[PDB]
Amino acid sequence: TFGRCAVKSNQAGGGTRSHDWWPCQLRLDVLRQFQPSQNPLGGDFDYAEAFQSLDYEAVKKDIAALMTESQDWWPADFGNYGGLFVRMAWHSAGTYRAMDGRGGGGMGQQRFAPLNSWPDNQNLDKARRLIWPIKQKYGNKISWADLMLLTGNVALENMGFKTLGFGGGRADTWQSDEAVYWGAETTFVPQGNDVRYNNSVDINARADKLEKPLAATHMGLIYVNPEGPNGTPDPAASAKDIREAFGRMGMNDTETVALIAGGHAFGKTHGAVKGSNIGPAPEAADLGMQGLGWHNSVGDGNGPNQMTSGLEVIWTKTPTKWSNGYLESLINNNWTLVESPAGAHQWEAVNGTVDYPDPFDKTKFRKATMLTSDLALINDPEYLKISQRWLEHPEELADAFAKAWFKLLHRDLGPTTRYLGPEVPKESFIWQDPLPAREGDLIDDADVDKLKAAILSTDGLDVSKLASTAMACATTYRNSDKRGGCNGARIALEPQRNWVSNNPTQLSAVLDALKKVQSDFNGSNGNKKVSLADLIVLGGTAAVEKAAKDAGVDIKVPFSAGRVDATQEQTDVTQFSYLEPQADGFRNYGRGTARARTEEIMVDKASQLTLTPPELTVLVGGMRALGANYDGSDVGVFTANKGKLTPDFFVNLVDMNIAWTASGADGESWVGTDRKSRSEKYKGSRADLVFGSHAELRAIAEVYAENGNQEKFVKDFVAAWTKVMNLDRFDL
Amino acid sequence: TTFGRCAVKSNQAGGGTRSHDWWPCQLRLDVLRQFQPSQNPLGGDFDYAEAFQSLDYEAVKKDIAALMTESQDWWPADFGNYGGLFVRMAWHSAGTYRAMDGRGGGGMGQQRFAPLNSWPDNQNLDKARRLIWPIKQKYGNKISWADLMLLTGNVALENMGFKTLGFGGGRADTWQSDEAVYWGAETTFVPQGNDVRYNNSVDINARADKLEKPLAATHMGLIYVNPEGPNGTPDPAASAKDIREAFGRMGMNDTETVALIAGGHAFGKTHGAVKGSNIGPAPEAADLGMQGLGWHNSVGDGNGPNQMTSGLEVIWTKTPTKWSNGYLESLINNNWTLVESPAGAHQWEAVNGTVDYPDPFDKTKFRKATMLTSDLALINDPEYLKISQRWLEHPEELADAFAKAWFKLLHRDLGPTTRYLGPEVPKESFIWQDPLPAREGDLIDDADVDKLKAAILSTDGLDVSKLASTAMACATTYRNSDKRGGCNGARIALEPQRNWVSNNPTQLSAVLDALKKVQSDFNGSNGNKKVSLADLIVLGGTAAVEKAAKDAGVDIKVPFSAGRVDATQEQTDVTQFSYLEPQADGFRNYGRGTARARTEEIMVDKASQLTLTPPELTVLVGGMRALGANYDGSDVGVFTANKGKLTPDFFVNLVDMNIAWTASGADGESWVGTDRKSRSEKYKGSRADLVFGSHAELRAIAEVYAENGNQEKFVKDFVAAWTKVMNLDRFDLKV
Ligand code: HEM
Ligand code: HEM
């Protein structure tokens, strides 16, 4: 009954579906998201252009004014929505996972299922509705994705905390991103974590064993449980969860303390009435709620009766003004465990001063309070040292918070060339994967023609190696956080140059050869200079073009010059470790895990490259035709014409005179036997054979295997190649 | 519950708990995101009709005929001839059609995708499709899989001595599983797969006429009926009642039903040589080594004499590769006894019969006559028996009926005659094709259209609201699944549509009289040029939209494509058109849903049949409200003080937080919008209205059109969507 509606609809997709009958079969759903035809702004809409015409300062002015314009349907605590807005922006950005680069604020997904209805996002439906009039006013020129974060940034600045600045540039998305692995649990917090801890309830011991790549301790939470691990009010154990979760989001100890102490300078939690008073979350609510949820039946359900987390904590004596009150209270008070009005565990300074203000009554005051997760920061040796230092040196907290808040909001925005607006911070941060300005003057078409000829006749280079190296560099790109790609020539730097998937000894020979081409060009062409990044892409591109010519198809394969070379200083080894592939179908590398098959990993990667199923399919078949495996093997290379861009991979894959059988125990290797001669003809992988198994992929394989479609195959391959090579070209 | 759940929980490529898992009752927009041009490997600009016109059609047929007797060692041909197998392939491809909702049929070639590639009734048709693949490989883009599967069946019949009426190509391939079809709610396949569709009744005779609408098969995973009898009970009389119900649900009468069954079962045989335990997973569940095939049989080589498909082992005639009257002769002239097949299934044998039915792999070995329970059905029902007895003595009458029924079977979802391609399209026009006449008079030109638009708008009893409402009422009868309905034919003026309560018959009559006056004034006064009522209905709506835009401050060209013709009542069958009558219409705020199909679910289903994207659906509803185009001219959803002007007021007012929305009725269908400051009721809304302010993805679109400054865009988008919908059935126009 989990995942099933009590009433079974017979329209609009109702009825038992293919995925119900065969739930283990590979699904191509993730390659069919975010289609231009589905975007109401149109496929031609240029968000960057719209945003650059935006009256940015006027937007900020209107946001600042909104903060203290209380709306009767959701009255502002202390007459100021600032804290709520900061929470909205920190939950939008706060879903990010550094390992797989998914989550974060970059797609504005908080406004769709499932994030719109996660327990941790309770009442952020109200926050989003409060800023809608600003979205309405400025139209297409500011996205929801940008606006949700800009609102939080402006809120901080209008509560006495100057930030480093801000960068716009997040284009809106138009459907729920159902590609994200948030976990496999079938419940939300307070449950929602049996799978991610492999059924362990040992809260200390399990803390650093959180299922990869997850970055939250329960399904439906941003990071950790505010009442402690599994609701156990043990601050020391909470600190271990915090380090794990924030670390999985790419934040270290300093950053983590700065973000929590920074954030909890502002506003308050809400736990005025028990949860039974609260209606369905937005995705479960009736039409009358018009996109809102968690209707509270006590009074008007708002103001003094607000119920969000079930906790009732006010961290500072000035919740609308930046201060050092969080650390001062945390460290100076004696804490006692108490129940909130809703029944949740929190901490109170029961013999402290009664001077914490009430959000709706200026004559009423409270004692100091904290969450278990706040007390964590003084119940761990490293956090305690940081907290103690910043108690005495609040300027060090302020510096660290400004930097960590900027990172939080912009960690998935991608290269600096994507950042829009008049207050982009000038400092270049390591997590931006920075790139230098170009060297010398840009190569032109005459230079490109000369370079192509040289590259295709240089020691150590050939069509196979050139195509393979270019693709290896390209497929580090992932659209979720806009990291990776060919710009920077980061395949030539650590850690990429020593990834097993890049066949390091072969790679070094290829890069030395391209560096020789570079050295010959640079200094002998006046002030014209070519980057290694451009040479890697041009080499692959020239190889594809010649391979097409050899196959009998004369096509101009386009090349877009202008990539720059990153320095190793700009290329953090830990940050780039996250882009290392477990398997890569384009170069027939690697193997699956106990959780994911090789072909699933391929479809996942394709989705991160924004590829459609035909683009995925044509690229695999072409790479095999080119002999572009990572190790130069013949696995999947079903052709007697290696290096010629024919559809032989598909023709031979679907030849019924070949019988395919498993060879390896692990399911990863397959043999193709000529049924007439009884001799082994081919070796294949799961990435190869899926194209002859899955009914939708095989339908595409058939197109390329059909008589008369040899030129179509080349044209489609060249289009897909160009798309993949240029994914990171935000500079253009 | 393990159903619908993989034992291994993937963490890639969409693995993980999903939104629909948490909130499975929430409206899903999936069906409006299928078949997108980007997903088509041939490209969105691929014109299949142009490709097919250049096909060497005669050569394809010659090659199919050659293939029939070229036995492949991995699936040897029965009697050295794949004809029976190919006829079955084509009759299962076409045989999923349901007349009521127009879904299923062969026109999308969906047998090659899940779930149809793995339905138990399609067992071993994976082999059949693989056998014809070399033909597809040879002819490439110029013949679709959809056309090839059916043409192969047609060519097979003809080469085994049954001349068909002809054939029409024109079915463009599709590129993903169509998950918009309600095949049923059961979580099992045949031999189970039917508790829901009979509402737990197991009385097989009594329940036979009570099959859940719109379903046309007696179990999930079957084409029509169970060949062993209802719920596997070998009672021919009850089987006959299932057959009548199922074939009736597919649009076939008694004569057509007997013709199709007796006609098909002249050929080939069934396969039930070994027990089902020897059979591996269906194609969607099979390992990579099967390369798209399934049902691997572990006995011997799994094929030839060991073939196992349905579990039955029946050979109907003494010449399974040649047209004959052997089926009815055996059926009526033998006495039948209940026996078991080698796989343990119920079938019938003439145990006192001649031992002269040929073995498929030994030309010197023979068997007695056999029949299925579903064959014996044809002599255990009074009406079927009458037909069977007649055709026993007059096989020429069976031949005529089968030729007509087979053509209907293969082409029932192909749409208008103008869609049919190739050199042997039958010349006879059949009622199930919804025929249209040839045009009368020369085609009106741009100047004529401008004159007619001005005439229409200045005609008493015509206004923007009524013109737009009438045009959309006519247009939304279109459905892409079987390419029926639409504005061509002006069938809104004919029965049954002119009396549809959803069309406000009294208002419609007056509107049509006015358009007929415009027609009368034009025709005979403009030389040889004549305009149809169908063109005037669409042009009226189009002029209304143009005027409504102009009245909103926007000068926009609203395209119009002339050339529609007017159908006669004789070309417009009441039964066939009753299937297009809506129970709810979101564009015109008519009607309501039921428990199992909410008002907003019906709207999304309808949108999917119009090929609309979510933005197209959304802009059309909002514009219709702005135009005041409700079926009855009510103010429900008309959230504007500028009714008849094409503005995005619907959206702007819908999302105004000063309005609080509350249910009025008990059934959740009526809503009131109250101004929260003044406490006064301002608006009345339906579920079709309010879903756009509730669903997170639909609301995202509503917001776009509610945004300050997007007035022009709204008008531009409405006009594009209007044009699309008005022209859906214009297969007569090139491109
Ligand atoms: C250990 C990690 C954290 C935990 C467990 C946590 C927990 C919570 C909880 C339970 C609430 C109350 C929600 C409600 O009932 O209204 C809250 C509120 C809030 N949080 Fe955090 N938080 C964390 C980190 C952060 C961070 C990193 C920031 C931003 C930099 C932040 C900013 C805020 C703000 C401003 C509020 C007040 C919202 C309002 O006034 O309505 N928190 N937090
Ligand atoms: C009451 C409706 C029908 C039922 C229950 C039914 C049942 C069956 C079954 C169980 C098989 C055996 C599958 C196997 O084991 O290989 C079969 C075979 C076949 N059917 Fe039908 N059938 C029906 C109507 C039709 C129609 C309408 C046609 C086409 C006009 C048709 C044409 C064929 C042919 C040619 C075969 C032989 C396949 C071969 O030789 O491999 N049947 N039928």
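Per the deposited record, the coordinates in this entry were obtained by X-ray crystallography to a resolution of 1.549 Å.

### Quick notes on the overall build of chain A
Regarding its fold elements, chain A presents 23 helices and 10 strands. Along the first, second and third principal axes, the C-alpha atoms of chain A reach 90 × 65 × 50 Å. Across the 732 residues in chain A, those meeting the buried criterion constitute 63%. Of all intrachain contacts in chain A linking residues separated by at least 6 positions in sequence, the fraction that spans at least 24 positions is 72%. Per element, the accessible surface of chain A, about 26,000 Å² overall, is 50% carbon and sulfur. Counting 77 positive and 92 negative side-chain charges, chain A places the averaged centre of each group 3 Å from the other.

### Let's talk about the state of the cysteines
Within the structure shown, the criterion is met by two disulfides over all chains. Paired by a disulfide, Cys5(A) and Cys25(B) hold their sulfur atoms 2.0 Å apart. Because the sign of the S-S torsion sets the handedness, a value of about 105° for the bond joining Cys5(A) and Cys25(B) places this disulfide among the right-handed ones. Taken as a pair, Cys5(A) in the segment before α1 (18-21) and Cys25(B) in the loop between α1 (19-22) and α2 (48-53) lie in two separate chains rather than in one. On the basis of relative accessibility, which here comes to 13%, the residue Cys5(A) falls in the buried class. Across the disulfide, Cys24(A) is cross-linked to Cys6(B) (sulfur-sulfur distance 2.0 Å). Negative torsions about the S-S bond denote left-handed disulfides, and the value of about 105° found for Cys24(A) with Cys6(B) makes this one right-handed. Separated into two different chains, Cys24(A) in the loop between α1 and α2 (47-52) and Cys6(B) in the segment before α1 make up a pair that spans both. Given a relative accessible area of 12%, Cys6(B) falls into the buried group. As a non-bridged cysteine, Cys473(A) has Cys486(A) as the owner of its nearest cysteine sulfur, 4.3 Å distant.

### So, the UniProt feature "active site" in chain B
Residues annotated by UniProt as "active site" correspond here to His92(B). Those residues in contact with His92(B) that sit more than four places away from it in its chain are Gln111(B), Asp121(B), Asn122(B), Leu125(B) and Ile223(B).

### With respect to the site of ligand 1
Residue and element names in this part refer to chain A. The environment of ligand 1 is made up of 26 residues, and the closest members are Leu259, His264, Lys268, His270 and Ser309. The contact in question runs from a nitrogen atom of ligand 1 to an N or O atom on the side chain of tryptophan 90, over 3.5 Å. In this structure, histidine 270 approaches ligand 1 through a side-chain N or O atom, which is 2.7 Å from an oxygen atom. Secondary structure elements with two or more residues in the shell around ligand 1: α4 (82-93), α7 (235-248), α8 (253-263) and α12 (394-410). At five residues, the largest contribution of residues to the shell around ligand 1 is made by α4.

### Digging into the coordination of the iron atom of ligand 1
What the protein offers the iron atom of ligand 1 as a donor is a single atom, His264(A) (NE2), at 2.0 Å. Within the secondary structure layout, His264(A) lies in the loop between α8 and α9 (325-332).

### Here's the deal with the coordination of the iron atom of ligand 2
Of the protein atoms, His265(B) (NE2) alone serves as a donor to the iron atom of ligand 2, at 2.0 Å. Within the secondary structure, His265(B) sits in the loop between α8 (254-264) and α9 (326-333).

### Quick look at the pattern of salt bridges
Note on pairing: side chains with opposite charge can pair once their charged atoms come close. Evaluation of the coordinates by the stated rule reveals 98 salt bridges over all chains. Residue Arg17(A) pairs with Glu179(B) through a salt bridge whose shortest N-O separation is 2.8 Å. One end of the pair, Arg17(A), is in the segment before α1; the other, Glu179(B), is in the loop between α6 (145-159) and α7 (236-249), on a second chain. Of the two residues, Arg17(A) and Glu179(B), both sit in the buried class. A network of salt bridges, in which partner residues are shared, links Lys268(A), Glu312(A), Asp358(A) and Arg366(A).

### A short note on the interface of chain A and chain B
Listed as interface residues are 110 residues of chain A and, on the opposing side, 110 residues of chain B. Of all the secondary structure elements, the ones that give two or more residues to the side of chain A that touches chain B are α1, α5 (124-138), α18 (598-608), α19 (613-625), α20 (648-653), α21 (686-689), α22 (695-705) and α23 (710-725) of chain A. With eight residues, the top contributor of residues to the side of chain A that touches chain B is α22(A).

### Some details on the packing of α4(A) against α12(A)
All names here are of chain A. α12 packs onto α4 with a crossing angle of 60° between their chain directions and a minimal axis gap of 8 Å. For the element pair α4 / α12, the angle class is oblique. Along this stretch, α4 crosses α12, giving a crossing that reads as left-handed. The residues of α12 that touch α4, namely those facing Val86, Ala89, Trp90 and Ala93, are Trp405, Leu408 and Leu409. In terms of residue class, the contact of α4 with α12 is built from seven nonpolar, no polar and no charged.

### Structural notes on the UniProt feature "binding site: heme b" in chain B
All names here are of chain B. Taking the numbering used here, the UniProt-annotated feature "binding site: heme b" corresponds to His265. Given a relative accessible area of 23%, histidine 265 falls into the partly exposed group. Residues in contact with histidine 265, not counting those within four places in the same chain, are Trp316, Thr317, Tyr327, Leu372 and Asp375.

Procedures and definitions
Residues numbered from 1 in each chain as written, not as in the entry; some residues may be left out. Chains lettered and ligands numbered in written order. Heavy atoms only, no water. Residues with missing side-chain atoms left out of burial classes, pairs and counts. Helix = DSSP H or I, 4+ residues; strand = E, 2+ residues; numbered from the N terminus. Buried < 20%, exposed > 50% of the residue type's maximum accessible area, 1.4 Å probe, protein only. Contact = heavy atoms within 4.5 Å. Areas by Shrake-Rupley, 256 points an atom, 1.4 Å probe, with all protein chains shown as cover. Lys, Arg positive; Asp, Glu negative; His and termini not counted. Charge placed at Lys NZ, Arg CZ, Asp CG, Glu CD. Disulfide = S-S within 2.5 Å. UniProt positions renumbered as here; feature names shortened; annotations may be inferred. Near = heavy atom within 4 Å. Polar contact = N/O pair within 3.5 Å; in protein donor to acceptor, adjacent residues only side chain to side chain. Donors = N, O, S within 2.8 Å, 3.2 Å for Na, K, Ca; no water. Salt bridge = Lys/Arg side-chain N within 4 Å of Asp/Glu carboxyl O. Axes fitted to C-alpha atoms, helices over the stretch in contact; angles between N-to-C directions. Parallel < 35°, antiparallel > 145°, perpendicular 65-115°, else oblique. Left-handed = near helix turned anticlockwise from the far one by under 90°. Nonpolar A, V, L, I, M, F, W, Y, C, P; charged D, E, K, R; others polar.

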